[PDB]
$ cat input_17.cif   # mmCIF, N, CA and C atoms and all ligand atoms
data_upload
loop_
_atom_site.label_atom_id
_atom_site.label_comp_id
_atom_site.auth_asym_id
_atom_site.auth_seq_id
_atom_site.Cartn_x
_atom_site.Cartn_y
_atom_site.Cartn_z
N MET A 1 -9.95 -8.76 -17.39
CA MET A 1 -8.62 -8.15 -17.64
C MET A 1 -8.44 -6.94 -16.73
N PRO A 2 -7.19 -6.66 -16.29
CA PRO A 2 -6.87 -5.51 -15.43
C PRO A 2 -7.11 -4.10 -15.98
N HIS A 3 -7.43 -3.18 -15.08
CA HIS A 3 -7.54 -1.77 -15.42
C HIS A 3 -6.27 -1.10 -14.91
N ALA A 4 -6.13 0.21 -15.12
CA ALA A 4 -5.12 0.97 -14.39
C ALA A 4 -5.46 0.99 -12.90
N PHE A 5 -4.47 1.28 -12.06
CA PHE A 5 -4.69 1.49 -10.64
C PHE A 5 -5.68 2.64 -10.41
N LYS A 6 -6.49 2.51 -9.34
CA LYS A 6 -7.44 3.55 -8.98
C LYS A 6 -7.48 3.67 -7.45
N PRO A 7 -7.89 4.83 -6.91
CA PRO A 7 -8.03 5.00 -5.46
C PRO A 7 -8.90 3.87 -4.92
N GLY A 8 -8.50 3.33 -3.76
CA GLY A 8 -9.21 2.24 -3.13
C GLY A 8 -8.57 0.88 -3.43
N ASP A 9 -7.74 0.81 -4.49
CA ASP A 9 -7.13 -0.49 -4.79
C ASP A 9 -6.16 -0.91 -3.69
N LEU A 10 -6.15 -2.21 -3.33
CA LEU A 10 -5.32 -2.73 -2.26
C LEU A 10 -4.12 -3.41 -2.91
N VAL A 11 -2.94 -3.20 -2.30
CA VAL A 11 -1.68 -3.68 -2.87
C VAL A 11 -0.70 -4.11 -1.78
N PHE A 12 0.36 -4.80 -2.22
CA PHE A 12 1.63 -4.68 -1.53
C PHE A 12 2.52 -3.72 -2.32
N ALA A 13 3.18 -2.81 -1.58
CA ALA A 13 3.97 -1.77 -2.22
C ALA A 13 5.44 -1.96 -1.82
N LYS A 14 6.31 -1.90 -2.83
CA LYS A 14 7.72 -2.23 -2.66
C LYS A 14 8.53 -0.94 -2.66
N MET A 15 9.27 -0.75 -1.55
CA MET A 15 10.28 0.28 -1.43
C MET A 15 11.63 -0.34 -1.08
N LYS A 16 12.71 0.29 -1.59
CA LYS A 16 14.10 -0.11 -1.38
C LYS A 16 14.34 -0.34 0.10
N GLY A 17 14.90 -1.51 0.44
CA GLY A 17 15.27 -1.75 1.82
C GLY A 17 14.10 -2.20 2.68
N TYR A 18 12.91 -2.36 2.11
CA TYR A 18 11.84 -2.84 2.97
C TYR A 18 11.14 -4.01 2.30
N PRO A 19 10.51 -4.92 3.06
CA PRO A 19 9.69 -5.99 2.46
C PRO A 19 8.48 -5.38 1.76
N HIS A 20 7.91 -6.11 0.79
CA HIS A 20 6.64 -5.76 0.17
C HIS A 20 5.59 -5.50 1.27
N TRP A 21 4.96 -4.30 1.23
CA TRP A 21 4.30 -3.77 2.42
C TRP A 21 2.81 -3.58 2.18
N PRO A 22 1.90 -4.00 3.09
CA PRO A 22 0.47 -3.80 2.85
C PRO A 22 0.15 -2.31 2.70
N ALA A 23 -0.61 -1.96 1.65
CA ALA A 23 -0.84 -0.57 1.28
C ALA A 23 -2.08 -0.41 0.42
N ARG A 24 -2.53 0.84 0.24
CA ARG A 24 -3.63 1.06 -0.67
C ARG A 24 -3.30 2.28 -1.51
N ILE A 25 -3.92 2.34 -2.67
CA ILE A 25 -3.86 3.57 -3.46
C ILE A 25 -4.78 4.58 -2.79
N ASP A 26 -4.27 5.79 -2.51
CA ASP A 26 -5.12 6.80 -1.87
C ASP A 26 -5.74 7.75 -2.89
N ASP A 27 -6.79 8.47 -2.46
CA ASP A 27 -7.26 9.62 -3.21
C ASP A 27 -6.33 10.81 -2.95
N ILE A 28 -6.40 11.82 -3.81
CA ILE A 28 -5.76 13.08 -3.42
C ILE A 28 -6.91 14.00 -3.02
N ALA A 29 -6.87 14.51 -1.79
CA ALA A 29 -7.85 15.46 -1.26
C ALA A 29 -7.79 16.78 -2.04
N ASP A 30 -8.95 17.44 -2.18
CA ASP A 30 -8.94 18.82 -2.65
C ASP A 30 -7.91 19.61 -1.86
N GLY A 31 -7.08 20.37 -2.57
CA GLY A 31 -6.12 21.25 -1.92
C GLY A 31 -4.81 20.59 -1.51
N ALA A 32 -4.70 19.27 -1.72
CA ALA A 32 -3.54 18.53 -1.24
C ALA A 32 -2.50 18.41 -2.36
N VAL A 33 -1.23 18.17 -1.95
CA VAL A 33 -0.09 17.98 -2.85
C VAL A 33 -0.32 16.80 -3.79
N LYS A 34 -0.19 17.05 -5.10
CA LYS A 34 -0.41 16.04 -6.13
C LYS A 34 0.86 15.20 -6.28
N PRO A 35 0.80 13.95 -6.82
CA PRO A 35 2.00 13.14 -6.95
C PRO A 35 2.71 13.58 -8.24
N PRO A 36 4.01 13.27 -8.42
CA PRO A 36 4.66 13.44 -9.73
C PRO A 36 3.86 12.72 -10.81
N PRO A 37 4.06 13.04 -12.12
CA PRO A 37 3.50 12.23 -13.19
C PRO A 37 3.84 10.74 -13.10
N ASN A 38 2.87 9.91 -13.48
CA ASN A 38 3.01 8.47 -13.52
C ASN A 38 3.16 7.86 -12.13
N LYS A 39 3.07 8.67 -11.05
CA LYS A 39 3.16 8.13 -9.68
C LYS A 39 1.79 8.17 -9.01
N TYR A 40 1.66 7.38 -7.93
CA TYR A 40 0.40 7.19 -7.22
C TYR A 40 0.64 7.51 -5.76
N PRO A 41 -0.34 8.09 -5.03
CA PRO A 41 -0.14 8.30 -3.59
C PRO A 41 -0.42 6.94 -2.94
N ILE A 42 0.57 6.41 -2.23
CA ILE A 42 0.46 5.10 -1.60
C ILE A 42 0.39 5.31 -0.09
N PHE A 43 -0.70 4.82 0.53
CA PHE A 43 -0.84 4.83 1.98
C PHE A 43 -0.43 3.47 2.53
N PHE A 44 0.57 3.47 3.42
CA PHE A 44 1.13 2.22 3.93
C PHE A 44 0.39 1.92 5.23
N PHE A 45 -0.27 0.75 5.27
CA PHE A 45 -0.93 0.32 6.49
C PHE A 45 0.12 0.09 7.58
N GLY A 46 -0.33 0.21 8.83
CA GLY A 46 0.56 -0.03 9.95
C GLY A 46 1.39 1.21 10.30
N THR A 47 2.27 1.67 9.40
CA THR A 47 3.04 2.89 9.63
C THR A 47 2.19 4.13 9.35
N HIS A 48 1.16 3.96 8.53
CA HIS A 48 0.29 5.06 8.16
C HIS A 48 1.10 6.14 7.44
N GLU A 49 2.16 5.75 6.73
CA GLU A 49 2.91 6.70 5.92
C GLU A 49 2.41 6.70 4.47
N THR A 50 2.75 7.79 3.76
CA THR A 50 2.44 7.95 2.35
C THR A 50 3.76 8.13 1.61
N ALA A 51 3.89 7.44 0.48
CA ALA A 51 4.97 7.70 -0.45
C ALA A 51 4.38 7.68 -1.85
N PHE A 52 5.14 8.20 -2.81
CA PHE A 52 4.68 8.26 -4.19
C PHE A 52 5.38 7.16 -4.96
N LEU A 53 4.60 6.25 -5.58
CA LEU A 53 5.24 5.12 -6.23
C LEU A 53 4.59 4.89 -7.59
N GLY A 54 5.36 4.32 -8.53
CA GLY A 54 4.80 3.93 -9.82
C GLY A 54 4.43 2.44 -9.83
N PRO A 55 3.68 1.98 -10.85
CA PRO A 55 3.18 0.60 -10.93
C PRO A 55 4.19 -0.54 -10.77
N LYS A 56 5.46 -0.31 -11.20
CA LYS A 56 6.49 -1.33 -11.04
C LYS A 56 6.62 -1.78 -9.59
N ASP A 57 6.25 -0.90 -8.63
CA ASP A 57 6.42 -1.22 -7.23
C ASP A 57 5.09 -1.58 -6.56
N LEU A 58 4.04 -1.83 -7.35
CA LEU A 58 2.69 -2.03 -6.82
C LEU A 58 2.20 -3.42 -7.26
N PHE A 59 1.99 -4.31 -6.28
CA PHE A 59 1.52 -5.67 -6.53
C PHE A 59 0.09 -5.86 -6.00
N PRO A 60 -0.91 -6.14 -6.87
CA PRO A 60 -2.29 -6.31 -6.41
C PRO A 60 -2.44 -7.31 -5.25
N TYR A 61 -3.23 -6.92 -4.24
CA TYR A 61 -3.22 -7.61 -2.95
C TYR A 61 -3.72 -9.06 -3.11
N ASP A 62 -4.83 -9.23 -3.81
CA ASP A 62 -5.43 -10.56 -3.85
C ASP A 62 -4.40 -11.56 -4.38
N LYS A 63 -3.83 -11.25 -5.56
CA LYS A 63 -2.86 -12.13 -6.22
C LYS A 63 -1.63 -12.41 -5.35
N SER A 64 -1.20 -11.43 -4.52
CA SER A 64 0.13 -11.44 -3.92
C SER A 64 0.13 -11.85 -2.45
N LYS A 65 -1.04 -11.94 -1.80
CA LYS A 65 -1.06 -12.07 -0.35
C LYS A 65 -0.49 -13.41 0.12
N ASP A 66 -0.61 -14.44 -0.72
CA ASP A 66 -0.11 -15.78 -0.41
C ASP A 66 1.42 -15.79 -0.34
N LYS A 67 2.08 -14.78 -0.92
CA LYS A 67 3.53 -14.66 -0.89
C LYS A 67 3.96 -13.61 0.11
N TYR A 68 3.22 -12.50 0.21
CA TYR A 68 3.76 -11.34 0.90
C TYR A 68 3.05 -11.11 2.23
N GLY A 69 1.90 -11.76 2.44
CA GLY A 69 1.06 -11.47 3.60
C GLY A 69 1.41 -12.35 4.81
N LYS A 70 2.68 -12.45 5.15
CA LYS A 70 3.08 -13.23 6.31
C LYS A 70 3.71 -12.28 7.32
N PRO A 71 3.65 -12.57 8.64
CA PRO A 71 4.21 -11.66 9.65
C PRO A 71 5.68 -11.36 9.43
N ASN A 72 6.10 -10.20 9.91
CA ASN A 72 7.42 -9.67 9.63
C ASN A 72 7.83 -8.93 10.89
N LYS A 73 9.14 -8.82 11.12
CA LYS A 73 9.64 -8.25 12.35
C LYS A 73 9.53 -6.73 12.30
N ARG A 74 9.31 -6.16 11.11
CA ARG A 74 9.51 -4.74 10.91
C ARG A 74 8.40 -3.92 11.58
N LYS A 75 8.78 -2.73 12.09
CA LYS A 75 7.88 -1.90 12.87
C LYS A 75 6.65 -1.59 12.03
N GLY A 76 5.48 -1.99 12.53
CA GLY A 76 4.23 -1.56 11.93
C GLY A 76 3.65 -2.58 10.96
N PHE A 77 4.44 -3.58 10.58
CA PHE A 77 4.09 -4.50 9.50
C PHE A 77 2.84 -5.33 9.84
N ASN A 78 2.82 -5.90 11.05
CA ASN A 78 1.76 -6.83 11.44
C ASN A 78 0.46 -6.08 11.72
N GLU A 79 0.60 -4.85 12.24
CA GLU A 79 -0.55 -3.96 12.34
C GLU A 79 -1.09 -3.71 10.93
N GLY A 80 -0.17 -3.47 9.99
CA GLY A 80 -0.52 -3.25 8.59
C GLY A 80 -1.29 -4.42 7.99
N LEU A 81 -0.85 -5.64 8.30
CA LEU A 81 -1.52 -6.83 7.82
C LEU A 81 -2.95 -6.87 8.37
N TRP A 82 -3.14 -6.35 9.59
CA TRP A 82 -4.47 -6.46 10.18
C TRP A 82 -5.41 -5.48 9.47
N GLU A 83 -4.88 -4.29 9.20
CA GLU A 83 -5.66 -3.21 8.64
C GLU A 83 -6.11 -3.62 7.24
N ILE A 84 -5.18 -4.11 6.42
CA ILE A 84 -5.52 -4.40 5.02
C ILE A 84 -6.58 -5.51 4.94
N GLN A 85 -6.56 -6.43 5.91
CA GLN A 85 -7.49 -7.56 5.91
C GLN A 85 -8.85 -7.16 6.49
N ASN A 86 -8.86 -6.28 7.51
CA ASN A 86 -10.00 -6.08 8.41
C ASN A 86 -10.74 -4.76 8.18
N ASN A 87 -10.00 -3.70 7.82
CA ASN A 87 -10.62 -2.41 7.55
C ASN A 87 -9.75 -1.61 6.57
N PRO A 88 -9.54 -2.10 5.32
CA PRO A 88 -8.60 -1.44 4.41
C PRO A 88 -9.03 -0.05 3.95
N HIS A 89 -10.31 0.29 4.14
CA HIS A 89 -10.85 1.52 3.58
C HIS A 89 -11.16 2.56 4.65
N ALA A 90 -10.70 2.32 5.89
CA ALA A 90 -11.00 3.20 7.01
C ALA A 90 -10.14 4.46 6.90
N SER A 91 -10.61 5.50 7.60
CA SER A 91 -9.75 6.66 7.85
C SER A 91 -8.72 6.30 8.91
N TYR A 92 -7.43 6.49 8.59
CA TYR A 92 -6.40 6.23 9.59
C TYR A 92 -5.74 7.56 9.95
N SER A 93 -6.46 8.67 9.70
CA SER A 93 -5.99 10.01 10.00
C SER A 93 -5.88 10.21 11.52
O1 LIG B 1 9.81 5.08 3.60
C1 LIG B 1 8.65 5.25 3.98
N1 LIG B 1 7.79 4.23 4.10
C2 LIG B 1 8.24 2.85 4.27
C3 LIG B 1 8.49 2.56 5.75
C4 LIG B 1 7.96 1.18 6.15
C5 LIG B 1 6.47 1.08 5.86
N2 LIG B 1 6.09 1.84 4.70
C6 LIG B 1 7.18 1.91 3.72
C7 LIG B 1 8.16 6.62 4.34
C8 LIG B 1 7.35 7.36 3.48
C9 LIG B 1 6.98 8.65 3.82
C10 LIG B 1 7.38 9.21 5.03
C11 LIG B 1 8.18 8.48 5.88
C12 LIG B 1 8.58 7.19 5.54
#
$ encode --input "input_17.cif" --output "structure tokens" --more "lines below"
Ligand SMILES: O=C(N[C@H]1CCCNC1)c1ccccc1
Amino acid sequence: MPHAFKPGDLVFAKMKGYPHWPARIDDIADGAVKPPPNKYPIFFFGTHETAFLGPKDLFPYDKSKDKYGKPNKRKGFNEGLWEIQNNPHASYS
């Protein structure tokens, strides 16, 4: 059975106006800006952006990749697909 989301979990993350996007739940570094309540720091592969999202917009990667893990025209998307498959836990700083 599922747990709550935790740092390191791999997802597709849904934002308004964009396709479901390869992403991971990030840690919050000591000294860094915390997310609002009930939100998670989401690191988007490919664009290397962070947004704060709640679970409604977070789809576990394994379950969802057969639907969402196909190439897309959008800037950074296919790079993102490579990262989540090949080195999802790397520093992209
Ligand atoms: O909207 C943002 N991310 C989208 C763009 C496409 C890939 N990731 C989802 C975003 C977040 C924070 C800073 C700037 C932009």
$ residues_around --input "input_17.cif" --residues "residue 6 in chain A" --least-positions-apart "4" --cutoff "8 Å" --atoms "all atoms listed in the file" --output "PDB file with N, CA and C atoms, in the frame of the given file"
ATOM      1  N   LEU A  10      -6.150  -2.210  -3.330  1.00  0.00           N
ATOM      2  CA  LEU A  10      -5.320  -2.730  -2.260  1.00  0.00           C
ATOM      3  C   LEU A  10      -4.120  -3.410  -2.910  1.00  0.00           C
ATOM      4  N   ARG A  24      -2.530   0.840   0.240  1.00  0.00           N
ATOM      5  CA  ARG A  24      -3.630   1.060  -0.670  1.00  0.00           C
ATOM      6  C   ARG A  24      -3.300   2.280  -1.510  1.00  0.00           C
ATOM      7  N   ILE A  25      -3.920   2.340  -2.670  1.00  0.00           N
ATOM      8  CA  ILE A  25      -3.860   3.570  -3.460  1.00  0.00           C
ATOM      9  C   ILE A  25      -4.780   4.580  -2.790  1.00  0.00           C
ATOM     10  N   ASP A  26      -4.270   5.790  -2.510  1.00  0.00           N
ATOM     11  CA  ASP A  26      -5.120   6.800  -1.870  1.00  0.00           C
ATOM     12  C   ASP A  26      -5.740   7.750  -2.890  1.00  0.00           C
ATOM     13  N   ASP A  27      -6.790   8.470  -2.460  1.00  0.00           N
ATOM     14  CA  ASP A  27      -7.260   9.620  -3.210  1.00  0.00           C
ATOM     15  C   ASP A  27      -6.330  10.810  -2.950  1.00  0.00           C
TER      16      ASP A  27
END
$ select_by_dssp --input "input_17.cif" --residues "chain A" --states "alpha helix (DSSP H)" --output "list in words"
residues 61, 62, 63, 64, 65, 66, 67, 68, 77, 78, 79, 80, 81, 82, 83, 84, 85 and 86 of chain A
$ write_last_selection --input "input_17.cif" --atoms "N, CA and C atoms" --output "PDB file, in the coordinates of the input"
ATOM      1  N   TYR A  61      -3.230  -6.920  -4.240  1.00  0.00           N
ATOM      2  CA  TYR A  61      -3.220  -7.610  -2.950  1.00  0.00           C
ATOM      3  C   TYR A  61      -3.720  -9.060  -3.110  1.00  0.00           C
ATOM      4  N   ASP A  62      -4.830  -9.230  -3.810  1.00  0.00           N
ATOM      5  CA  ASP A  62      -5.430 -10.560  -3.850  1.00  0.00           C
ATOM      6  C   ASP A  62      -4.400 -11.560  -4.380  1.00  0.00           C
ATOM      7  N   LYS A  63      -3.830 -11.250  -5.560  1.00  0.00           N
ATOM      8  CA  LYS A  63      -2.860 -12.130  -6.220  1.00  0.00           C
ATOM      9  C   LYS A  63      -1.630 -12.410  -5.350  1.00  0.00           C
ATOM     10  N   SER A  64      -1.200 -11.430  -4.520  1.00  0.00           N
ATOM     11  CA  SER A  64       0.130 -11.440  -3.920  1.00  0.00           C
ATOM     12  C   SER A  64       0.130 -11.850  -2.450  1.00  0.00           C
ATOM     13  N   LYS A  65      -1.040 -11.940  -1.800  1.00  0.00           N
ATOM     14  CA  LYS A  65      -1.060 -12.070  -0.350  1.00  0.00           C
ATOM     15  C   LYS A  65      -0.490 -13.410   0.120  1.00  0.00           C
ATOM     16  N   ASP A  66      -0.610 -14.440  -0.720  1.00  0.00           N
ATOM     17  CA  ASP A  66      -0.110 -15.780  -0.410  1.00  0.00           C
ATOM     18  C   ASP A  66       1.420 -15.790  -0.340  1.00  0.00           C
ATOM     19  N   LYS A  67       2.080 -14.780  -0.920  1.00  0.00           N
ATOM     20  CA  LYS A  67       3.530 -14.660  -0.890  1.00  0.00           C
ATOM     21  C   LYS A  67       3.960 -13.610   0.110  1.00  0.00           C
ATOM     22  N   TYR A  68       3.220 -12.500   0.210  1.00  0.00           N
ATOM     23  CA  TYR A  68       3.760 -11.340   0.900  1.00  0.00           C
ATOM     24  C   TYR A  68       3.050 -11.110   2.230  1.00  0.00           C
ATOM     25  N   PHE A  77       4.440  -3.580  10.580  1.00  0.00           N
ATOM     26  CA  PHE A  77       4.090  -4.500   9.500  1.00  0.00           C
ATOM     27  C   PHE A  77       2.840  -5.330   9.840  1.00  0.00           C
ATOM     28  N   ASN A  78       2.820  -5.900  11.050  1.00  0.00           N
ATOM     29  CA  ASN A  78       1.760  -6.830  11.440  1.00  0.00           C
ATOM     30  C   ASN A  78       0.460  -6.080  11.720  1.00  0.00           C
ATOM     31  N   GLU A  79       0.600  -4.850  12.240  1.00  0.00           N
ATOM     32  CA  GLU A  79      -0.550  -3.960  12.340  1.00  0.00           C
ATOM     33  C   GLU A  79      -1.090  -3.710  10.930  1.00  0.00           C
ATOM     34  N   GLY A  80      -0.170  -3.470   9.990  1.00  0.00           N
ATOM     35  CA  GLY A  80      -0.520  -3.250   8.590  1.00  0.00           C
ATOM     36  C   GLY A  80      -1.290  -4.420   7.990  1.00  0.00           C
ATOM     37  N   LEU A  81      -0.850  -5.640   8.300  1.00  0.00           N
ATOM     38  CA  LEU A  81      -1.520  -6.830   7.820  1.00  0.00           C
ATOM     39  C   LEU A  81      -2.950  -6.870   8.370  1.00  0.00           C
ATOM     40  N   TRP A  82      -3.140  -6.350   9.590  1.00  0.00           N
ATOM     41  CA  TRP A  82      -4.470  -6.460  10.180  1.00  0.00           C
ATOM     42  C   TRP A  82      -5.410  -5.480   9.470  1.00  0.00           C
ATOM     43  N   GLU A  83      -4.880  -4.290   9.200  1.00  0.00           N
ATOM     44  CA  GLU A  83      -5.660  -3.210   8.640  1.00  0.00           C
ATOM     45  C   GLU A  83      -6.110  -3.620   7.240  1.00  0.00           C
ATOM     46  N   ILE A  84      -5.180  -4.110   6.420  1.00  0.00           N
ATOM     47  CA  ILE A  84      -5.520  -4.400   5.020  1.00  0.00           C
ATOM     48  C   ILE A  84      -6.580  -5.510   4.940  1.00  0.00           C
ATOM     49  N   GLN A  85      -6.560  -6.430   5.910  1.00  0.00           N
ATOM     50  CA  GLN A  85      -7.490  -7.560   5.910  1.00  0.00           C
ATOM     51  C   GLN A  85      -8.850  -7.160   6.490  1.00  0.00           C
ATOM     52  N   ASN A  86      -8.860  -6.280   7.510  1.00  0.00           N
ATOM     53  CA  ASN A  86     -10.000  -6.080   8.410  1.00  0.00           C
ATOM     54  C   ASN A  86     -10.740  -4.760   8.180  1.00  0.00           C
TER      55      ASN A  86
END
$ atom_distance --input "input_17.cif" --atom1 "atom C8 of ligand LIG 1 (chain B)" --atom2 "CA of residue 86 in chain A"
22.5 Å
$ residues_near_ligand --input "input_17.cif" --ligand "ligand LIG 1 (chain B)" --cutoff "8 Å" --atoms "only C-alpha atoms and all ligand atoms" --output "PyMOL selection string"
chain A and resi 13-15+18+21+44-51+74-77
$ atom_distance --input "input_17.cif" --atom1 "atom N of residue 62 in chain A" --atom2 "atom N of residue 4 in chain A"
14.8 Å
$ closest_residue --input "input_17.cif" --among "A:42, A:5, A:19, A:55" --to "residue 73 in chain A" --atoms "only C-alpha atoms"
A:19
$ select_by_dssp --input "input_17.cif" --residues "chain A" --states "strand (DSSP E)" --output "list in words"
residues 10, 11, 12, 13, 21, 22, 23, 24, 25, 40, 41, 42, 43, 44, 49, 50, 51, 52, 53, 58, 59 and 60 of chain A
$ atom_distance --input "input_17.cif" --atom1 "atom C of residue 81 in chain A" --atom2 "atom N of residue 38 in chain A"
28.2 Å
$ closest_residue --input "input_17.cif" --among "A:65, A:20, A:3, A:34" --to "residue 85 in chain A" --atoms "only C-alpha atoms"
A:65
$ axis_aligned_box --input "input_17.cif" --around "range 22-28 of chain A" --padding-each-side "4 Å" --output "AutoDock Vina command-line options"
--center_x -2.7 --center_y 5.0 --center_z -0.4 --size_x 17.2 --size_y 26.0 --size_z 14.9
$ residues_around --input "input_17.cif" --residues "residue 39 in chain A" --least-positions-apart "5" --cutoff "6.5 Å" --atoms "only N, CA and C atoms" --output "list in words"
residues 52, 53, 54 and 55 of chain A
$ closest_residue --input "input_17.cif" --among "A:91, A:41, A:22, A:58" --to "residue 70 in chain A" --atoms "only C-alpha atoms"
A:22
$ decode --input "input_17.cif" --residues "range 35-56 of chain A" --atoms "N, CA and C atoms" --output "PDB file, in the first residue's frame"
ATOM      1  N   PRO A  35       8.184  24.994   1.646  1.00  0.00           N
ATOM      2  CA  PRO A  35       7.011  25.112   0.779  1.00  0.00           C
ATOM      3  C   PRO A  35       5.833  25.536   1.657  1.00  0.00           C
ATOM      4  N   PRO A  36       4.734  26.075   1.082  1.00  0.00           N
ATOM      5  CA  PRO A  36       3.495  26.261   1.848  1.00  0.00           C
ATOM      6  C   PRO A  36       3.076  24.951   2.503  1.00  0.00           C
ATOM      7  N   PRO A  37       2.181  24.971   3.523  1.00  0.00           N
ATOM      8  CA  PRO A  37       1.576  23.737   4.029  1.00  0.00           C
ATOM      9  C   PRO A  37       0.915  22.881   2.950  1.00  0.00           C
ATOM     10  N   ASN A  38       1.044  21.561   3.115  1.00  0.00           N
ATOM     11  CA  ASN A  38       0.436  20.576   2.240  1.00  0.00           C
ATOM     12  C   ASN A  38       1.056  20.585   0.841  1.00  0.00           C
ATOM     13  N   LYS A  39       2.098  21.408   0.594  1.00  0.00           N
ATOM     14  CA  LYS A  39       2.760  21.428  -0.715  1.00  0.00           C
ATOM     15  C   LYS A  39       4.146  20.779  -0.612  1.00  0.00           C
ATOM     16  N   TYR A  40       4.681  20.394  -1.788  1.00  0.00           N
ATOM     17  CA  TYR A  40       5.936  19.658  -1.890  1.00  0.00           C
ATOM     18  C   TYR A  40       6.846  20.426  -2.828  1.00  0.00           C
ATOM     19  N   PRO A  41       8.180  20.433  -2.610  1.00  0.00           N
ATOM     20  CA  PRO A  41       9.067  21.093  -3.575  1.00  0.00           C
ATOM     21  C   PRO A  41       9.237  20.091  -4.721  1.00  0.00           C
ATOM     22  N   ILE A  42       8.858  20.501  -5.932  1.00  0.00           N
ATOM     23  CA  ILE A  42       8.920  19.629  -7.096  1.00  0.00           C
ATOM     24  C   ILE A  42      10.036  20.142  -8.004  1.00  0.00           C
ATOM     25  N   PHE A  43      11.013  19.267  -8.294  1.00  0.00           N
ATOM     26  CA  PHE A  43      12.069  19.561  -9.244  1.00  0.00           C
ATOM     27  C   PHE A  43      11.705  18.961 -10.598  1.00  0.00           C
ATOM     28  N   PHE A  44      11.618  19.815 -11.630  1.00  0.00           N
ATOM     29  CA  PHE A  44      11.167  19.379 -12.943  1.00  0.00           C
ATOM     30  C   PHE A  44      12.421  19.038 -13.739  1.00  0.00           C
ATOM     31  N   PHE A  45      12.504  17.781 -14.190  1.00  0.00           N
ATOM     32  CA  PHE A  45      13.609  17.365 -15.039  1.00  0.00           C
ATOM     33  C   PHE A  45      13.547  18.137 -16.362  1.00  0.00           C
ATOM     34  N   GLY A  46      14.720  18.267 -16.985  1.00  0.00           N
ATOM     35  CA  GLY A  46      14.784  18.944 -18.274  1.00  0.00           C
ATOM     36  C   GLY A  46      14.870  20.467 -18.114  1.00  0.00           C
ATOM     37  N   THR A  47      13.835  21.114 -17.567  1.00  0.00           N
ATOM     38  CA  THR A  47      13.879  22.557 -17.321  1.00  0.00           C
ATOM     39  C   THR A  47      14.670  22.871 -16.052  1.00  0.00           C
ATOM     40  N   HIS A  48      14.770  21.892 -15.164  1.00  0.00           N
ATOM     41  CA  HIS A  48      15.477  22.061 -13.909  1.00  0.00           C
ATOM     42  C   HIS A  48      14.815  23.168 -13.087  1.00  0.00           C
ATOM     43  N   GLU A  49      13.502  23.352 -13.245  1.00  0.00           N
ATOM     44  CA  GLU A  49      12.780  24.307 -12.418  1.00  0.00           C
ATOM     45  C   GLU A  49      12.157  23.622 -11.200  1.00  0.00           C
ATOM     46  N   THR A  50      11.820  24.452 -10.197  1.00  0.00           N
ATOM     47  CA  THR A  50      11.146  24.004  -8.993  1.00  0.00           C
ATOM     48  C   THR A  50       9.833  24.763  -8.888  1.00  0.00           C
ATOM     49  N   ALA A  51       8.769  24.041  -8.549  1.00  0.00           N
ATOM     50  CA  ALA A  51       7.508  24.661  -8.182  1.00  0.00           C
ATOM     51  C   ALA A  51       6.979  23.913  -6.970  1.00  0.00           C
ATOM     52  N   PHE A  52       6.000  24.516  -6.292  1.00  0.00           N
ATOM     53  CA  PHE A  52       5.419  23.906  -5.105  1.00  0.00           C
ATOM     54  C   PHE A  52       4.070  23.334  -5.490  1.00  0.00           C
ATOM     55  N   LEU A  53       3.882  22.020  -5.281  1.00  0.00           N
ATOM     56  CA  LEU A  53       2.649  21.408  -5.743  1.00  0.00           C
ATOM     57  C   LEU A  53       2.111  20.481  -4.660  1.00  0.00           C
ATOM     58  N   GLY A  54       0.781  20.288  -4.650  1.00  0.00           N
ATOM     59  CA  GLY A  54       0.169  19.318  -3.751  1.00  0.00           C
ATOM     60  C   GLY A  54      -0.084  17.988  -4.470  1.00  0.00           C
ATOM     61  N   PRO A  55      -0.404  16.912  -3.717  1.00  0.00           N
ATOM     62  CA  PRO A  55      -0.581  15.564  -4.281  1.00  0.00           C
ATOM     63  C   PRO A  55      -1.536  15.399  -5.461  1.00  0.00           C
ATOM     64  N   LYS A  56      -2.589  16.241  -5.539  1.00  0.00           N
ATOM     65  CA  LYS A  56      -3.520  16.171  -6.661  1.00  0.00           C
ATOM     66  C   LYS A  56      -2.795  16.307  -7.997  1.00  0.00           C
TER      67      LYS A  56
END
